[PDB]
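Here is the structure we will look at, set down as structure tokens.
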Amino acid sequence: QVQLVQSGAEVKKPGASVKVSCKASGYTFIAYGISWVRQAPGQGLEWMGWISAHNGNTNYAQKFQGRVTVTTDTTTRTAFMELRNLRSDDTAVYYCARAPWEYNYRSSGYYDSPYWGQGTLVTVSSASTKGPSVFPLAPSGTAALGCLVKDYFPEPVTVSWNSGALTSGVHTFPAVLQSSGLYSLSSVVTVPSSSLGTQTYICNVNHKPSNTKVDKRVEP
Amino acid sequence: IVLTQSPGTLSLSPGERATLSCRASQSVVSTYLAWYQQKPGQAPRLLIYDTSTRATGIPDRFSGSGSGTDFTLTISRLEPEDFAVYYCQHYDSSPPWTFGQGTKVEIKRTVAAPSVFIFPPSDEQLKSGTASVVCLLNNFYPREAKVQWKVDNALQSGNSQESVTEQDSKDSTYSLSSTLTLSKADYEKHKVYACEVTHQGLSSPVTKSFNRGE
Amino acid sequence: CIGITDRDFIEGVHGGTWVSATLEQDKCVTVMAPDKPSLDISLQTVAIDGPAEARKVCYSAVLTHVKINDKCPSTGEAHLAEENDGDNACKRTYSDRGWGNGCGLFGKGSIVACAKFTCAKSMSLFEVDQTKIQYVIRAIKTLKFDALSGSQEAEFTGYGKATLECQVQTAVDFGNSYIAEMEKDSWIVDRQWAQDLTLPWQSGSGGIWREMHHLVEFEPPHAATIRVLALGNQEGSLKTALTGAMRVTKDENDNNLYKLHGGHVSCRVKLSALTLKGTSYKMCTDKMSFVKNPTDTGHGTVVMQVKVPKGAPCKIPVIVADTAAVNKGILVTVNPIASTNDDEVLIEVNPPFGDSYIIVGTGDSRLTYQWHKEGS
């Protein structure tokens, strides 16, 4: 088919540089300049820069003028993006998109479907890998209990309850970034009062980057 | 060239008719408006190029339109798949792509108040040197709710971070868990902790309070 | 109005009296008999009702949605699904390729471009049904007529029942001409001139915009790209090419799609056995001046208007000589007499080719005019 192949995951400390590839395949890459869009977590989309292949002149957003630099490789069939000194809010997912080549209301593909590549998950923060610190949230009408997966880096983490025996009322919350740069989330379950002192509840935390597997039991 | 996408949060039940508006600056012969659908955790799937011509493999119910400065994405019969955030992009005779400010379509149901729960910091955690209080809201609707931490009848703002889960696949409900991160020395220096909860389905703002280790 | 002469009617032994007179627009002809009221026959309009649209010539195109396919030299020929669509016009030139733009070997590389054709402003070509031409006589009683219905009857108080056997002779021979309608203006153009036009045309049944390339040309292709030369509205070339053509006023009173124009009518009135009267007119040899100078109508005839302040009841001697008095100036105007004093009387003249001399007057106070005619 027709698709764009991007680069893999990259982790850089603030102030460093990031070069994301975008290998076009399936169409005539000489036309159809490739534009770049990003997505901060939670925040919407915004366009960073744009490049062409024929008539290689480029254009950049006013906010990102002094940082980004986009290059092309005609023989290798690839489109690049170099991002300069990295701030904290620059953590996002970066996309390359097919686009017209001149933007003059009729040249070639001004009315053609813009294809999109895969994700480029750029996570910039000072700290390094850390295992999760699991802490319980003991209960005290309908009983509620959970575990606090605290101080872990990076995502993801799989919080399974009772080794996979609980799927009712289990609201595993999305993670948040603290002021120290380490995520922490909560995974709680709403259980009836009769099942407190009779059954046994265990939260099974599995962290793949550190290969740390924690199984904490919640006692009232 | 500014864009204006309305409405922001849409609450429609399956089977009804949807209508979005991406109000553009100027609609001329050279005006490109690509619509999008973004599910939480996935890349946007291209929906309609130009203004009204469906993309590759997009179902028949999706259709765009253009009249004046305002454009319209219309979904005839909503389906459980079609509940996500929708976007619109604009570029005309100039490189920059101006994107929309979002339009989430959620399932509508009867307003249900949350069941507020508060969890004290585990006594094991305080031996490390940090204290995190968890205030949990469970199975409520609509999403719009405010949680204010009250430490000894004092409004604390600047150390709490919230996280709301996506809508349920069974009863279409949300949840919220506010986390108050405090150092050990500053934690035990106070006495009573609570979280004020204000929701649409509450006749009186509920507050779950607990004293220092009692 | 205007009185008739002796030989304009004939009263027989039994039956009735017939009047054969020609009536052009806005020119009356009266019938007076002693001990009976005078008549007043007015030809209101000679128009057409809802002409048929033959085709639709486009003269302002909007080209968008340009898509390309690029094939390297000696790797086949590029194809697009828009070459078969009726919305797009396509062109096939070649773009020079090589190791730089990523193609295998050198040579002229194939490239095909297509652009959507959206006609914004288009002039339409109407054709007249010569038998369905309307012409109205307001003798007050209202009478409508067709070329098919040359006889319609109406009884008047004083003359009995009257039958009017009429006949219409056109002025432009619609058998070879069209009626072009622009945005607001209209024209009468030749059929072959409108079919020998270098502009796209939409068919009668609806069809498609056939022969689009008259308005769509692309820039020479670069490596893999095309720019579209948007040839703008050729209205500047049409309204200039339509300068020397006859106009047709759309309508004032009747309805829409009811196109009025001048012409010629011949009628015969079947009145009862009556002793009618004849009135003669002398010649106009007095002072006279031009109100509207002799101007062209488009179909060769020149139209002039004159004012006769002295000795009004006469016909004006219009002579078109080769100066001498021998004229080869074939006259179109019938009944060129003056209704009242200080009035204007229309005079339509068909001069020959080359250079002629209009002669209005005799001896003193001659209104002369030259009119070069190179009709082709």
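When we count neighbours, we look across all protein chains shown, and the Cβ atoms used for this are built from the backbone with ideal geometry, even at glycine. Read-outs throughout are calculated quantities, based only on the coordinates presented, and are distinct from any laboratory measurement.
Quick rundown of the values:
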read-out: Selected from B:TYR49, B:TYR141, B:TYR87 as most flexible by GNM, with chain B as the system and alpha-carbon contacts under 10 Å; value: B:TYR49
read-out: Among B:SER27, B:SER178, B:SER94: highest mean-square fluctuation, GNM of chain B, C-alpha pairs under 10 Å; value: B:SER94
read-out: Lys, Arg +1 and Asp, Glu -1 on Cβ, resulting dipole of chain C about Cα centre, debye, nearest 20; value: 200 debye
read-out: Exceeding the 24 Å Cα-Cα cut-off - candidates A:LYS12/B:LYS104; B:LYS108/B:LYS170; A:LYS150/A:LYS216; B:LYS104/B:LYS146; B:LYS104/B:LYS150; C:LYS27/C:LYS270; value: A:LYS12/B:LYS104; B:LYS104/B:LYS150
read-out: Amide H contacts of C:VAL291 (H built 1.01 Å from N, under 5 Å, at least 5 apart or other chain); value: C:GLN305, C:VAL306, C:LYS307
read-out: FRET efficiency, C:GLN195 to A:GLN65 (Cβ-Cβ, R0 60 Å, nearest 0.05); value: 0.55
read-out: Pairwise FRET efficiency - B:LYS184 versus A:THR76, Cβ, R0 = 51 Å, nearest 0.05; value: 0.35
read-out: Label-to-label distance, nm, for residues given as A:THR158 and C:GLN169 (7 Å Cα→Cβ offset); value: 10.3 nm
read-out: Distribution of pairwise C-alpha distances over chain C, 20 Å bins, in %; value: 22, 39, 23, 12, 4, 0
read-out: Separation of the A:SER128 and A:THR91 label points, Cα + 7 Å toward Cβ, nm; value: 1.8 nm
read-out: Amide N of the stretch C:150-167 lying under 14 Å from the label point, which is placed 7 angstrom from the Cα of C:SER272 along Cα→Cβ; value: C:154-163
read-out: Cβ-based charge dipole, the protein assembly as shown, positive-most Cα from B:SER132, A:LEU86, C:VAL13; value: B:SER132
read-out: Other-chain or far-sequence residues with amide H under 5 Å of A:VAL214's (modelled H); value: A:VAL205, A:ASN206, A:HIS207
read-out: Furthest towards positive pole of dipole, A:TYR152, A:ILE202, A:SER140, structure part the stretch A:133-217, Cβ charges; value: A:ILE202
read-out: Whole-Hz couplings from phi, Karplus 6.51/-1.76/1.60, listed for the stretch A:130-139; x for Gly and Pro; value: 8, x, x, 9, 8, 10, x, 10, 6, x
read-out: Reach of A:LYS13 by Cα under 13 Å, taken over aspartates and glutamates that are not fewer than 8 positions away in the same chain; value: A:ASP89, A:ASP90
read-out: Förster radius 30 Å - calculated FRET efficiency between B:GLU214 and A:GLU219, Cβ distance, rounded to 0.05; value: 0.95
read-out: Shielding by partners - mean other protein chain Cβ count within 10 Å, residues of A:45-55; value: 4
read-out: Where GluC sites (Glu not before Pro) fall in DSSP loop in the stretch C:338-374, at most 12 other Cβ within 10 Å; value: C:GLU374
read-out: 20 Å Cα-Cα reach of B:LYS189 towards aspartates and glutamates, excluding residues that sit fewer than 8 places from it in its own chain; value: B:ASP123, B:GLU124, B:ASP152, B:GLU214
read-out: Whichever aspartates and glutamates have a C-alpha closer than 12 Å to that of C:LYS91, once near sequence neighbours (fewer than 8 apart) are set aside; value: C:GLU82, C:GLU83, C:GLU217, C:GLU219
read-out: Under the Karplus curve 6.51 cos²θ - 1.76 cosθ + 1.60, θ = phi - 60°, whole-Hz ³J(HN,Hα) for the stretch C:235-250, x wherever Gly or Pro sits; value: 3, x, 8, 7, 4, 7, 6, 9, 5, x, 9, 7, 8, 9, 5, 4
read-out: Amide proton proximity set for C:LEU43, modelled H, under 5 Å, gap of 5+; value: C:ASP26, C:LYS27, C:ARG138
read-out: Ranked list, fewest to most other Cβ atoms within 10 Å of each Cβ, for C:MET246, C:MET283; value: C:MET283, C:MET246
read-out: Peptides B:30-37, A:85-92 ordered by average Cβ neighbours within 10 Å, highest first; value: B:30-37, A:85-92
read-out: Spin-label model distance (nm) - C:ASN253 vs B:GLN26, 7 Å beyond Cα toward Cβ; value: 4.8 nm
read-out: Whole-Hz ³J(HN,Hα) from phi, Karplus 6.51 cos²θ - 1.76 cosθ + 1.60, for the stretch A:168-185, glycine and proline x; value: 9, x, 9, 9, 7, 7, x, 7, 10, 9, 7, 6, 9, x, 10, 6, 6, 10
read-out: Number of partner chain Cβ atoms within 10 Å, mean per residue of C:63-71; value: 5
read-out: Peptide ranges C:32-44, C:88-100 listed from the most packed, as the mean C-beta count within 10 angstrom indicates; value: C:88-100, C:32-44
